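Protein chains: 2
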Amino acid sequence: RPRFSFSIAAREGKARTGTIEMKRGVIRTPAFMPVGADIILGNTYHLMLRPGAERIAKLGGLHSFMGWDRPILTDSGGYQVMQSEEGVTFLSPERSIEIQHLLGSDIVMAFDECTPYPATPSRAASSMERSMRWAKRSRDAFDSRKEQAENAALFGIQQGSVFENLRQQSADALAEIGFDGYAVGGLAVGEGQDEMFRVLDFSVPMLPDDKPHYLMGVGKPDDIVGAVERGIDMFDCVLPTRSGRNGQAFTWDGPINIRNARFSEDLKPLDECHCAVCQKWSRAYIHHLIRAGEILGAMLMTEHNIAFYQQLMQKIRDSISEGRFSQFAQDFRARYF
Amino acid sequence: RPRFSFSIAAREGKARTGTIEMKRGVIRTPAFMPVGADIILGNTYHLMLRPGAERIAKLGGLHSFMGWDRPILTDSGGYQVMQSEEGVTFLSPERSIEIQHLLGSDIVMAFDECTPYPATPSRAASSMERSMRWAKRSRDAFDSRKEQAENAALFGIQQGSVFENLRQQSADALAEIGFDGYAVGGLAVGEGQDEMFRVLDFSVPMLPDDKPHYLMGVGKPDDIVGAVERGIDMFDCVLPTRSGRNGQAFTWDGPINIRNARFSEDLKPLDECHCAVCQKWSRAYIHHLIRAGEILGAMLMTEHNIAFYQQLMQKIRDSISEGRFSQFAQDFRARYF
Ligand SMILES: [Zn+2]
Ligand SMILES: [Zn+2]
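Written out as structure tokens, the structure reads:
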């Protein structure tokens with residue numbers, strides 16, 4: 011395969027389905043990228076602290092460390108961290141790119157500033173302006189490392205808060221630098237779904253149509269369906285894994301809190318779900334394990350949620366390919382809510 | 011298969027290897043019985076409290092509840108609980141047998157009193173005497189339930205503390221009642237390995253040779269090898285699963301605490318071990334997951350320890366079958382310590 015190639019196989023409205031080809035593998039889009064599926068996320072911020080990026084490189088890089096030979100995406104670390119034009123003390137475009145290089149990730153994120161919400165126009169603009177200068181610094185640092193430039197890909201991240209004119213300026217800046225893909229940053233920071241969708245309505249068409257669009261940090265199943273409706277191709281969120289660790293399971297009928305006493309005699313599987322948990326165990330038994338404090342319970346729940354998310358993405362891909370994504374979205378919504 | 015049949019295929023010293031045939035499956039001996064492998068343990072005490080034995084029966088019994096169709100052993104619940119000749123308030137021979145019937149277990153334990161350590165002769169004797177009367181009550185209650193009598197098996201439990209003459213009286217009493225198998229109770233209660241082995245040296249030959257011998261609550265890998273040397277056929281212990289949840293892994297070189305900083309760059313697998322964890326991941330990565338508080342780490346550790354214990358039992362069975370168990374024990378010991 012090539013270093014990076016994105017091809018769109020089918021469309022419905024603003025929605026797209028296709029593939030990203032990379033040296034380590036093919037990623038079907040729209041894609042859900044679970045935390046460390065066709066691609067997983069590494070935790071740059073944690074990893075730079077323990078055991079350190081250099082120690083990971085000493086151990087062979089993140090693929091060999093975690094035994095995952097497929098692509099890996101890493102964030103640039105600042106979201107998590109959060117200050118001067120140089121970067122942040124507690135990281136800078138150059139160091140962030142270096143760390144991601146040492147980790148050996150396949151998709152590298154530019155070092156940006158995730159603007160707080162709410163933000164005034166002036167603050168959002170100052171912030172987005174710094175992020176675009178850091179984006180150029182990120183590009184140059186990436187390009188200066190041969191192994192990285194030739195084997196990895198770099199995504200730029202749009203900022204601008206909820207302001208159309210700043211989103212436009214940011215998209216323009218990013219397209220002028222040039223990236224392999226374009227993330228929509230600065231959302232899923234407490235604005236609520238209606239506002240997020242409003243910003244996505246005008247923001248995603250500003251990005252190059254022929255490159256992947258990544259919505260960082262999103263989200264709930266209904267957030268993902270709505271974002272795909274608005275042209276997003278890639279997603280990440282810890283919700284499946286946090287939820288798993290807190291008693292909540294995703295189902296096509298909505299999320300359920302399995303610890304509730306209502307499940308204590310429920311012999312149905314958690315969800317339709319083809320997952321292995323759902324192949325063998327009842328709500329009643331997972332309820333029991335979790336109430337008992339057993340690790341297995343937490344484990345089964347997480348496995349289920351991860352699999353649910355991938356089944357959702359597969360349903361989304363198939364429905365766009367078949368020209369029935371609009372109907373799927375409506376039916377999804379009817380049942381989930 | 012028959013309700014219960016124990017056959018001894020090979021011997022070396024006091025050590026034996028063979029099989030127990032039951033309706034739900036064959037159990038290779040010496041056997042390690044992990045908590046809910065050829066057989067697993069259910070948690071009578073927990074289950075009677077949540078969701079209740081009747082609720083489990085309502086849900087189809089423990090096999091269907093936990094999705095395990097192979098044999099299941101349950102303890103009688105008092106060990107865990109801990117008072118009159120009737121039983122204990124907080135359970136009695138009859139209620140204990142009823143609960144185990146509702147749970148649908150294949151191997152049922154008599155309701156006994158696990159004598160505290162240390163015990164004076166008089167106290168040990170009074171206690172063992174009550175246990176033998178409860179053993180007879182257990183037998184009668186078991187035999188009164190047709191489905192149980194015809195499909196399950198009942199083991200009696202020897203008491204008597206560390207006193208030879210009381211162990212003898214107890215063995216005599218149990219053999220006069222008649223059981224499918226004989227457990228050695230009252231050990232692994234703080235006496236230490238030298239004292240446990242001393243009691244086992246005289247206590248196991250007192251039991252019927254042609255029935256299985258179960259040492260309840262044992263134990264560490266070296267405890268198991270020594271007990272098999274002394275004629276024990278079956279073991280249970282939560283150590284693999286507790287240990288897993290606390291950072292400790294069993295290896296042929298002894299246990300290791302994976303959280304120790306010494307493992308942070310160790311690319312070797314946890315252990317020789319054929320397990321799936323050891324097939325794919327390094328000490329360094331499991332160290333990382335556990336230090337990170339990730340459930341996966343705890344999970345991988347537990348899976349490893351369970352598999353280690355079953356590999357140990359397989360090595361023990363093979364070596365007795367091949368007439369080299371004596372040598373295996375010495376080599377085991379050399380390396381483990
Ligand atoms: Zn499922
Ligand atoms: Zn292993």
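Residue numbers (the authors' numbering), protein chains in the order written: chain A, 11 to 46, 64 to 109, 117 to 124, 135 to 315, 317 to 382; chain A', 11 to 46, 64 to 109, 117 to 124, 135 to 315, 317 to 382. A prime marks a further copy of an entry chain.
By construction, the Cβ of each residue, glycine as well, lies at the ideal position given by its N, Cα and C atoms.
Requested in this report: Find the residues of chain A' that neighbour A:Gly94, judging by a C-beta separation of less than 9 Å, and give them in chain order.
Outcome: Here residue 94 of chain A refers to the residue found at position 67 of the first sequence. Result: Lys325, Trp326, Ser327 and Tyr330.
Query raised in the report: Helix, strand or coil: how does DSSP classify A:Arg177 here?
Result: Residue 177 of chain A sits at position 133 when you count from the first residue of the first sequence. Note: A:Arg177 maps to helix in three-state DSSP.
Requested in this report: In the DSSP assignment, find the unbroken beta strand (DSSP E) run with A:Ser205 in it and report its ends.
Outcome: Mapped onto the first sequence, residue 205 of chain A falls at position 161. Counting along the chain, A:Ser205 falls outside any beta strand (DSSP E), and DSSP gives it neither H nor E.
Query raised in the report: For the segment 286 to 299 of chain A' against the segment 267 to 277 of chain A', are there 3 or more C-beta pairs whose distance is under 8 Å?
Result: no
Query raised in the report: Just the Cα atoms here: how many angstroms apart are A:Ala343 and A:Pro137?
Result: As a position in the first sequence, residue 343 of chain A is number 298, starting the count at 1. As a position in the first sequence, residue 137 of chain A is number 93, starting the count at 1. A:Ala343 and A:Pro137: Cα-Cα distance of roughly 37 Å.
Requested in this report: Could you round the C-beta distance between A':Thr27 and A':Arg362 to whole angstroms and report it? I think they count as a contact, below 8 Å.
Outcome: Numbered from 1 along the second sequence, position 17 holds the residue referred to as residue 27 of chain A'. Numbered from 1 along the second sequence, position 317 holds the residue referred to as residue 362 of chain A'. Indeed they touch by this definition, with Cβ atoms about 5 Å apart.
Report task. Using only alpha-carbon positions, find the residue among A':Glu235, A':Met176 and A':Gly35 that is nearest to A':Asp216. Result -> Against the second sequence, residue 216 of chain A' aligns to sequence position 172. Out of A':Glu235, A':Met176 and A':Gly35, A':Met176 has the C-alpha closest to the C-alpha of A':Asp216.
**Report entry** A':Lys312 beta carbon less than 7 Å from that of A':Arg328
**Finding:** Residue mapping note: residue 328 of chain A' aligns to position 283 of the second sequence, counting from 1. Residue mapping note: residue 312 of chain A' aligns to position 268 of the second sequence, counting from 1. Cβ distance < 7 Å, so A':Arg328 and A':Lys312 count as in contact.
Query raised in the report: So with Cβ pairs under 7 Å, would you call A:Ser149 a contact of chain A'?
Result: As a position in the first sequence, residue 149 of chain A is number 105, starting the count at 1. Answer no: the Cβ-Cβ gap between A:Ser149 and chain A' never drops below 7 Å.
Query raised in the report: So what does DSSP say about A:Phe353, is it helix, strand or coil?
Result: Counted from its first residue, the first sequence places residue 353 of chain A at position 308. The answer is helix: DSSP assigns A:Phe353 an H, G or I state.
Query raised in the report: Along chain A', which residues have their Cβ under 9 Å away from the Cβ of A:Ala343?
Result: To locate residue 343 of chain A, count along the first sequence from 1; it is residue 298. Within chain A', the residues near A:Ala343 are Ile340, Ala343 and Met344.
Report task. Go ahead and pull the three-state DSSP assignment for A':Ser170. Result -> As a first step, residue 170 of chain A' must be located in the second sequence, where it is residue number 126. Here A':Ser170 sits in helix by DSSP.
Query raised in the report: Between the beta-carbon of A':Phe373 and the beta-carbon of A':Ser364, is there less than 7 Å?
Result: Along the second sequence, read from residue 1 onward, the residue named residue 373 of chain A' stands at position 328. Along the second sequence, read from residue 1 onward, the residue named residue 364 of chain A' stands at position 319. Their beta carbons are under 7 Å apart, which means A':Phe373 touches A':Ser364 by this criterion.
Requested in this report: With hydrogens ignored, establish whether the beta-carbon of A:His332 is closer than 6 Å to any heavy atom of ligand 1.
Outcome: Counting from 1 along the first sequence, the entry for residue 332 of chain A is found at position 287. The answer is no for A:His332.
Query raised in the report: Does A:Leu86 get closer than 7 Å to chain A' when you measure Cβ to Cβ?
Result: As a working note, residue 86 of chain A is residue 59 in the first sequence. Yes, A:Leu86 counts as interfacial toward chain A'.
Report task. Using only alpha-carbon positions, find the residue among A:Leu147, A:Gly222, A:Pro165 and A:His349 that is nearest to A:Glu208. Result -> Here residue 208 of chain A is taken as the residue at index 164 of the first sequence, counted from 1. Nearest option by C-alpha distance: A:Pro165.
Query raised in the report: Going along chain A', which residues have a C-beta under 7 Å from A:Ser308?
Result: For the purposes of this step, residue 308 of chain A is taken as the residue at position 264 of the first sequence. Correct list: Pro78.
Query - Presumed contact (8 Å Cβ cut-off) between A':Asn195 and A':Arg13, rounded CB distance - result: Taking the first residue of the second sequence as position 1, residue 195 of chain A' is located at position 151. Taking the first residue of the second sequence as position 1, residue 13 of chain A' is located at position 3. Confirmed, Cβ separation roughly 6 Å.
Report task. Return the chain-ordered list of same chain residues with a C-beta closer than 6 Å to the C-beta of A:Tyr106, the five sequence neighbours on each side being excluded. Result -> Here residue 106 of chain A corresponds to residue number 79 of the first sequence, with the count starting at 1. Within the same chain, A:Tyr106 has close Cβ partners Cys158.
Requested in this report: Give me the Cα-Cα distance between A:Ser103 and A:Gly225, rounded to the nearest whole angstrom.
Outcome: For the purposes of this step, residue 103 of chain A is taken as residue 76 along the first sequence, with counting starting at 1. For the purposes of this step, residue 225 of chain A is taken as residue 181 along the first sequence, with counting starting at 1. Roughly 15 Å separates the two Cα atoms.
Query raised in the report: Do you know how far the Cα of A:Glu309 is from the Cα of A':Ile83?
Result: For the purposes of this step, residue 83 of chain A' is identified with residue 56 of the second sequence, where counting begins at 1. For the purposes of this step, residue 309 of chain A is identified with residue 265 of the first sequence, where counting begins at 1. Using only the alpha carbons, I get a separation of about 9 Å.
Query raised in the report: At a CB-CB cut-off below 8 Å, which residues of chain A' make contact with A:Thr347?
Result: Taking the first sequence and counting its residues from 1, the one referred to as residue 347 of chain A is at position 302. Under the 8 Å cutoff, chain A' gives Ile340.
Requested in this report: Note down, in chain order, every chain A residue with its Cβ under 8 Å from the Cβ of A':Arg336.
Outcome: Within the second sequence, numbered from 1, the residue matching residue 336 of chain A' stands at position 291. Residues of chain A passing the Cβ test: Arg77.
Query raised in the report: Among the residues of its own chain, which have a CB less than 6 Å from the CB of A:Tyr354, if the five just before and after it don't count?
Result: Translated into the one-based positions of the first sequence, residue 354 of chain A becomes position 309. Taken in chain order, the residues that qualify are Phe42 and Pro284.
Query raised in the report: If you follow the alpha helix (DSSP H) that A:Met93 is part of, which residue opens it and which one closes it?
Result: If you number the first sequence from 1, residue 93 of chain A lands on position 66. Segment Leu89 to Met93, the alpha helix (DSSP H) holding A:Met93.
**Report entry** Counterpart residues of A:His257 in DSSP-defined beta bridges
**Finding:** Position 213 of the first sequence, counted from the first residue, corresponds to residue 257 of chain A. DSSP, once it has assigned bridges, lists A:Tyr226 as partnering A:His257.
Report task. Go ahead and label A':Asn304 buried or exposed: buried means 16 or more other beta carbons lie within 10 angstroms of its beta carbon, across all protein chains shown. Result -> The count along the second sequence starts at 1 and reaches residue 304 of chain A' at position 260. Classification of A':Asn304: exposed, given that the 10 Å Cβ count is below 16.
Query raised in the report: How about residue 3 of chain A: is its Cβ closer than 6 Å to a heavy atom in ligand 1?
Result: Outside the displayed range of chain A (11 to 382) lies residue 3 of chain A, so it cannot be described from this structure.
Query raised in the report: Going by the C-beta, is A':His349 closer than 6 Å to any heavy atom of ligand 2?
Result: Your numbering for residue 349 of chain A' matches position 304 in the second sequence. Checking the Cβ of A':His349 against ligand 2 gives yes.
Query - Boundaries of the alpha helix (DSSP H) in which A':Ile331 is found, first to last residue - result: Start at 1 with the first residue of the second sequence, and residue 331 of chain A' comes out as number 286. From DSSP, the alpha helix (DSSP H) with A':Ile331 extends over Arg328 to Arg336.
Query raised in the report: Which residues does DSSP pair with A:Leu68 in a beta bridge?
Result: One-based indexing of the first sequence puts residue 68 of chain A at position 41. Bridge partners of A:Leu68: A:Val45 and A:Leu100.
Query raised in the report: Based on the DSSP output, what are the partners of A:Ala197 in its beta bridges?
Result: The residue labelled residue 197 of chain A in the question sits at position 153 within the first sequence. DSSP output for A:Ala197 lists A:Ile151 as bridge partner(s).
Report task. List the residues of chain A whose Cβ lies closer than 8 Å to the Cβ of A':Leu283, in chain order. Result -> Here residue 283 of chain A' refers to the residue found at position 239 when the second sequence is read from its first residue. The premise fails here: A':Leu283 is roughly 15 Å from chain A at the closest Cβ pair, so nothing lies under 8 Å.
Report task. Please determine, among A:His73, A:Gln192 and A:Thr101, the residue with the shortest C-alpha to C-alpha distance to A:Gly261. Result -> Translated into positions along the first sequence, residue 261 of chain A becomes position 217. If we check each option's Cα against that of A:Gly261, A:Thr101 comes out closest.
Report task. Run the proximity test for A':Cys281: is its beta-carbon closer than 6 Å to any non-hydrogen atom belonging to ligand 1? Result -> The residue given as residue 281 of chain A' occupies position 237 in the second sequence. A':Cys281 Cβ: outside cutoff for every heavy atom of ligand 1.
Query raised in the report: Of the choices A:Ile300, A:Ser182, A:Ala185 and A:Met250, whose alpha-carbon is the least far from that of A:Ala219?
Result: Residue 219 of chain A sits at position 175 when you count from the first residue of the first sequence. Of the candidates A:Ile300, A:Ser182, A:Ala185 and A:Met250, the one whose C-alpha sits nearest the C-alpha of A:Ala219 is A:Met250.
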